[PDB]
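The file input_37.pdb contains PDB, C-alpha atoms (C1' of nucleotides) and all ligand atoms:
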ATOM      1  CA  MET A   1       3.997 -48.724 -87.311
ATOM      2  CA  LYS A   2       4.702 -52.219 -86.033
ATOM      3  CA  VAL A   3       3.860 -53.134 -82.488
ATOM      4  CA  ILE A   4       3.768 -56.339 -80.445
ATOM      5  CA  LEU A   5       0.459 -56.849 -78.655
ATOM      6  CA  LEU A   6       0.588 -57.407 -74.918
ATOM      7  CA  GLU A   7      -2.991 -58.696 -74.815
ATOM      8  CA  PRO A   8      -5.711 -60.185 -77.009
ATOM      9  CA  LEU A   9      -7.489 -57.299 -78.666
ATOM     10  CA  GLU A  10     -10.831 -56.991 -80.397
ATOM     11  CA  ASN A  11     -10.270 -57.292 -84.180
ATOM     12  CA  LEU A  12      -6.613 -56.252 -84.016
ATOM     13  CA  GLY A  13      -4.742 -59.402 -83.007
ATOM     14  CA  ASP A  14      -3.585 -61.871 -80.354
ATOM     15  CA  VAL A  15      -1.033 -61.503 -77.504
ATOM     16  CA  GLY A  16       2.549 -61.685 -78.762
ATOM     17  CA  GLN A  17       1.395 -61.185 -82.348
ATOM     18  CA  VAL A  18       2.998 -58.447 -84.478
ATOM     19  CA  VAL A  19       0.650 -56.003 -86.133
ATOM     20  CA  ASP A  20       0.816 -52.745 -88.097
ATOM     21  CA  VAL A  21      -1.015 -49.707 -86.687
ATOM     22  CA  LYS A  22      -1.095 -45.944 -87.366
ATOM     23  CA  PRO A  23       1.597 -44.279 -85.176
ATOM     24  CA  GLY A  24      -0.984 -42.138 -83.460
ATOM     25  CA  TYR A  25      -2.769 -45.248 -82.255
ATOM     26  CA  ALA A  26       0.411 -46.837 -80.994
ATOM     27  CA  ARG A  27       1.856 -43.711 -79.406
ATOM     28  CA  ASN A  28      -1.247 -42.227 -77.781
ATOM     29  CA  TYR A  29      -3.285 -45.297 -76.805
ATOM     30  CA  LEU A  30      -1.692 -48.764 -77.091
ATOM     31  CA  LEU A  31       1.677 -47.926 -75.529
ATOM     32  CA  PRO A  32       0.370 -45.691 -72.694
ATOM     33  CA  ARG A  33      -2.256 -48.261 -71.635
ATOM     34  CA  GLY A  34       0.343 -51.009 -71.501
ATOM     35  CA  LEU A  35      -1.604 -52.762 -74.304
ATOM     36  CA  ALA A  36       1.457 -52.963 -76.634
ATOM     37  CA  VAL A  37       5.093 -52.229 -77.232
ATOM     38  CA  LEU A  38       7.155 -50.927 -80.145
ATOM     39  CA  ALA A  39       8.339 -53.698 -82.476
ATOM     40  CA  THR A  40      11.944 -52.552 -81.985
ATOM     41  CA  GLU A  41      14.734 -55.026 -82.682
ATOM     42  CA  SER A  42      15.726 -54.916 -79.005
ATOM     43  CA  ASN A  43      12.272 -56.201 -77.938
ATOM     44  CA  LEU A  44      11.618 -58.411 -80.938
ATOM     45  CA  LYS A  45      14.606 -60.353 -79.658
ATOM     46  CA  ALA A  46      12.872 -60.731 -76.324
ATOM     47  CA  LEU A  47       9.593 -61.956 -77.868
ATOM     48  CA  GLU A  48      11.574 -64.497 -79.846
ATOM     49  CA  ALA A  49      13.175 -65.589 -76.540
ATOM     50  CA  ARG A  50       9.787 -65.891 -74.815
ATOM     51  CA  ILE A  51       8.377 -68.057 -77.636
ATOM     52  CA  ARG A  52      11.600 -69.951 -77.334
ATOM     53  CA  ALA A  53      11.389 -70.439 -73.575
ATOM     54  CA  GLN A  54       7.731 -71.438 -73.517
ATOM     55  CA  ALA A  55       8.262 -74.014 -76.269
ATOM     56  CA  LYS A  56      11.207 -75.397 -74.232
ATOM     57  CA  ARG A  57       9.060 -75.924 -71.134
ATOM     58  CA  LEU A  58       6.087 -77.287 -73.180
ATOM     59  CA  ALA A  59       7.953 -80.113 -74.948
ATOM     60  CA  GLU A  60       9.934 -80.673 -71.801
ATOM     61  CA  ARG A  61       6.687 -81.514 -70.035
ATOM     62  CA  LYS A  62       5.387 -83.525 -73.072
ATOM     63  CA  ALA A  63       8.479 -85.670 -72.426
ATOM     64  CA  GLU A  64       8.125 -85.960 -68.623
ATOM     65  CA  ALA A  65       4.685 -87.395 -69.410
ATOM     66  CA  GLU A  66       5.578 -89.496 -72.507
ATOM     67  CA  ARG A  67       8.487 -91.033 -70.503
ATOM     68  CA  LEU A  68       6.011 -91.657 -67.657
ATOM     69  CA  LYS A  69       3.845 -93.498 -70.176
ATOM     70  CA  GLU A  70       6.934 -95.736 -70.578
ATOM     71  CA  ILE A  71       7.227 -96.535 -66.796
ATOM     72  CA  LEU A  72       3.426 -97.273 -66.634
ATOM     73  CA  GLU A  73       1.609 -98.852 -69.707
ATOM     74  CA  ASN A  74       4.350-101.579 -69.237
TER      75      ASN A  74
ATOM     76  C1'   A B   1      39.216 -24.392-109.464
ATOM     77  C1'   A B   2      42.633 -28.109-111.235
ATOM     78  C1'   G B   3      47.610 -27.982-112.456
ATOM     79  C1'   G B   4      52.770 -25.809-111.614
ATOM     80  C1'   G B   5      56.470 -23.056-107.949
ATOM     81  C1'   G B   6      57.158 -22.421-102.743
ATOM     82  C1'   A B   7      56.468 -22.400 -96.834
ATOM     83  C1'   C B   8      55.548 -25.995 -93.220
ATOM     84  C1'   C B   9      55.091 -31.036 -92.626
ATOM     85  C1'   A B  10      52.146 -35.808 -88.980
ATOM     86  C1'   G B  11      49.171 -38.164 -88.161
ATOM     87  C1'   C B  12      45.815 -40.266 -84.484
ATOM     88  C1'   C B  13      41.468 -41.772 -80.974
ATOM     89  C1'   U B  14      36.683 -43.887 -81.408
ATOM     90  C1'   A B  15      31.269 -46.431 -82.916
ATOM     91  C1'   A B  16      29.796 -51.340 -84.489
ATOM     92  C1'   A B  17      30.845 -57.167 -84.804
ATOM     93  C1'   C B  18      32.707 -60.335 -80.767
ATOM     94  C1'   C B  19      34.536 -61.484 -75.498
ATOM     95  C1'   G B  20      34.341 -60.472 -70.229
ATOM     96  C1'   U B  21      32.402 -57.878 -65.802
ATOM     97  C1'   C B  22      29.235 -54.849 -62.563
ATOM     98  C1'   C B  23      24.505 -52.898 -62.055
ATOM     99  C1'   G B  24      19.086 -52.274 -63.062
ATOM    100  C1'   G B  25      14.292 -54.156 -65.135
ATOM    101  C1'   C B  26       9.850 -57.978 -65.232
ATOM    102  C1'   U B  27       7.525 -60.290 -69.718
ATOM    103  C1'   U B  28      12.933 -64.974 -65.737
ATOM    104  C1'   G B  29      17.110 -65.604 -69.527
ATOM    105  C1'   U B  30      20.414 -68.369 -74.953
ATOM    106  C1'   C B  31      16.355 -61.763 -71.932
ATOM    107  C1'   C B  32      16.438 -56.657 -72.659
ATOM    108  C1'   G B  33      18.891 -52.418 -71.161
ATOM    109  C1'   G B  34      22.924 -48.966 -68.777
ATOM    110  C1'   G B  35      28.111 -48.427 -67.067
ATOM    111  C1'   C B  36      33.284 -50.246 -67.293
ATOM    112  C1'   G B  37      37.229 -53.187 -69.552
ATOM    113  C1'   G B  38      38.927 -56.073 -73.703
ATOM    114  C1'   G B  39      38.705 -56.107 -79.155
ATOM    115  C1'   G B  40      38.720 -52.671 -83.718
ATOM    116  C1'   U B  41      39.612 -48.542 -87.132
ATOM    117  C1'   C B  42      40.020 -49.300 -92.866
ATOM    118  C1'   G B  43      39.473 -48.351 -99.668
ATOM    119  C1'   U B  44      45.265 -52.715-102.538
ATOM    120  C1'   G B  45      38.520 -52.538 -98.746
ATOM    121  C1'   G B  46      38.989 -53.176 -93.406
ATOM    122  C1'   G B  47      37.582 -55.628 -89.098
ATOM    123  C1'   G B  48      34.943 -59.788 -86.191
ATOM    124  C1'   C B  49      34.429 -64.962 -85.421
ATOM    125  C1'   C B  50      36.087 -70.379 -86.680
ATOM    126  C1'   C B  51      40.612 -73.628 -88.785
ATOM    127  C1'   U B  52      46.139 -73.597 -90.487
ATOM    128  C1'   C B  53      51.058 -71.655 -90.463
ATOM    129  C1'   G B  54      54.399 -67.967 -88.378
ATOM    130  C1'   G B  55      56.137 -65.426 -82.840
ATOM    131  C1'   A B  56      62.082 -58.389 -81.109
ATOM    132  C1'   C B  57      61.892 -53.353 -83.704
ATOM    133  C1'   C B  58      59.347 -48.579 -83.909
ATOM    134  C1'   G B  59      57.710 -44.951 -80.728
ATOM    135  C1'   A B  60      54.775 -39.816 -79.109
ATOM    136  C1'   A B  61      51.452 -34.387 -79.821
ATOM    137  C1'   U B  62      51.976 -37.000 -72.499
ATOM    138  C1'   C B  63      55.814 -36.998 -68.497
ATOM    139  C1'   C B  64      60.953 -35.992 -66.607
ATOM    140  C1'   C B  65      66.119 -33.887 -67.064
ATOM    141  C1'   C B  66      69.090 -30.578 -69.763
ATOM    142  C1'   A B  67      71.281 -26.958 -73.440
ATOM    143  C1'   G B  68      69.518 -22.478 -75.256
ATOM    144  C1'   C B  69      66.298 -18.023 -74.349
ATOM    145  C1'   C B  70      63.675 -13.917 -71.125
ATOM    146  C1'   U B  71      63.053 -11.317 -66.591
ATOM    147  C1'   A B  72      68.856  -7.256 -63.302
ATOM    148  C1'   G B  73      73.745  -6.721 -64.953
ATOM    149  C1'   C B  74      79.546  -6.570 -65.957
ATOM    150  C1'   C B  75      84.613  -6.075 -68.460
ATOM    151  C1'   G B  76      85.806  -3.087 -72.490
ATOM    152  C1'   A B  77      91.798   0.122 -76.463
ATOM    153  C1'   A B  78      94.273   4.958 -77.140
ATOM    154  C1'   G B  79      96.349  12.668 -75.730
TER     155        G B  79
HETATM  156 MG    MG A 101      33.502 -27.492-109.848
HETATM  157 MG    MG A 102      46.816 -25.743-104.968
HETATM  158 MG    MG A 103      51.442 -27.156-104.473
HETATM  159 MG    MG A 104      59.370 -19.068 -93.899
HETATM  160 MG    MG A 105      24.147 -53.813 -73.208
HETATM  161 MG    MG A 106      24.827 -57.546 -71.364
HETATM  162 MG    MG A 107      27.687 -54.411 -71.088
HETATM  163 MG    MG A 108      36.889 -59.482 -95.552
HETATM  164 MG    MG A 109      48.647 -38.702 -79.393
HETATM  165 MG    MG A 110      83.080   0.868 -69.522
HETATM  166 MG    MG A 111      86.846   4.533 -72.805
END

Taking this structure as input, can you express it in the form of structure tokens?
Amino acid sequence: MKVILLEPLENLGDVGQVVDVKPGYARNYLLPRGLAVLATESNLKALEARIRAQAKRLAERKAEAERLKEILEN
RNA sequence: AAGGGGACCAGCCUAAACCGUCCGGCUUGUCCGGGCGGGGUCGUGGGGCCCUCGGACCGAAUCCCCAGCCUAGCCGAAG
């Protein structure tokens, strides 16, 4: 069963990473402890959108700086 | 059972793509989800979306009116 981790987790994977676990583990541990979510299409979309949104605001800052290197350094 | 002879005869509505709107969620949007509306309905495959060209007839199984019909009757030849 594929899940999306909601947290870093000892020798399983890192937050936002998609891993394969035995359904028992997902259903009766990971999901109830809020540690992961089902890799459904409907929330794979959402993860894609989060990676999307973070990467927008990262490079947007790495411009607000780079462009501020232009106003200074000259 | 197919086929043949007959009876009767009639075909439609959706889901999904996509568009719009309301509402809810937290992991804040190019988000996910629920409702509603739009769109769509097919096997020569059909639809969606993006270009190009083109721009009144049919019509209910719903509704309304009516004929007809039922629920009482009546006239009815000549010792
Ligand atoms: Mg057989
Ligand atoms: Mg027959
Ligand atoms: Mg026949
Ligand atoms: Mg008959
Ligand atoms: Mg929805
Ligand atoms: Mg929506
Ligand atoms: Mg909706
Ligand atoms: Mg086609
Ligand atoms: Mg009809
Ligand atoms: Mg009499
Ligand atoms: Mg008499």

Using all atoms listed in the file, which residues have at least one atom no more than 12 Å from ligand MG 106 (chain A)? Output them as number ranges by chain. B: 19-24, 29, 31-36

Please compute the atom CA of residue A:43-atom CA of residue A:16 distance, one decimal, in Å. 11.2 Å

Residues of chain B at most 9 Å from ligand MG 102 (chain A): nearest atom pair and distance in Å, only C-alpha atoms (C1' of nucleotides) and all ligand atoms, as a tab-separated table:
residue	atom	partner	partner_atom	distance
B:1	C1'	A:MG102	MG	8.9
B:2	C1'	A:MG102	MG	7.9
B:3	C1'	A:MG102	MG	7.9
B:4	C1'	A:MG102	MG	8.9

Could you report the residues within 9 Å of ligand MG 109 (chain A), using all atoms listed in the file, as a ChimeraX atom specification? /B:11-13,60-62

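Minimum distance to chain A across B:15, B:10, B:26, B:70 (counting only C-alpha atoms (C1' of nucleotides)) occurs at B:26.
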
When you draw a straight line from atom CA of residue A:21 to atom CA of residue A:46, how long is it in Å? 20.5 Å

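Selection of all polymer residues within 12 Å of ligand MG 111 (chain A) on the basis of all atoms listed in the file gives residues 75, 76, 77 and 78 of chain B.
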
Quick one: apply the PyMOL selection byres (((chain A and resi 34) around 12) and not hetatm) to the file and drop the selected residues here as a PyMOL selection string. (chain A and resi 3-7+26-33+35-38) or (chain B and resi 27)

Pick out the residues no farther than 12 Å from ligand MG 108 (chain A), counting only C-alpha atoms (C1' of nucleotides) and all ligand atoms, and list them as JSON, numbers by chain. {"B": [42, 45, 46, 47, 48, 49]}

Which residues match the PyMOL selection byres ((chain A and not hetatm) within 10 of (chain B)) in the file above, as a PyMOL selection string? chain A and resi 6+42-50+52-53
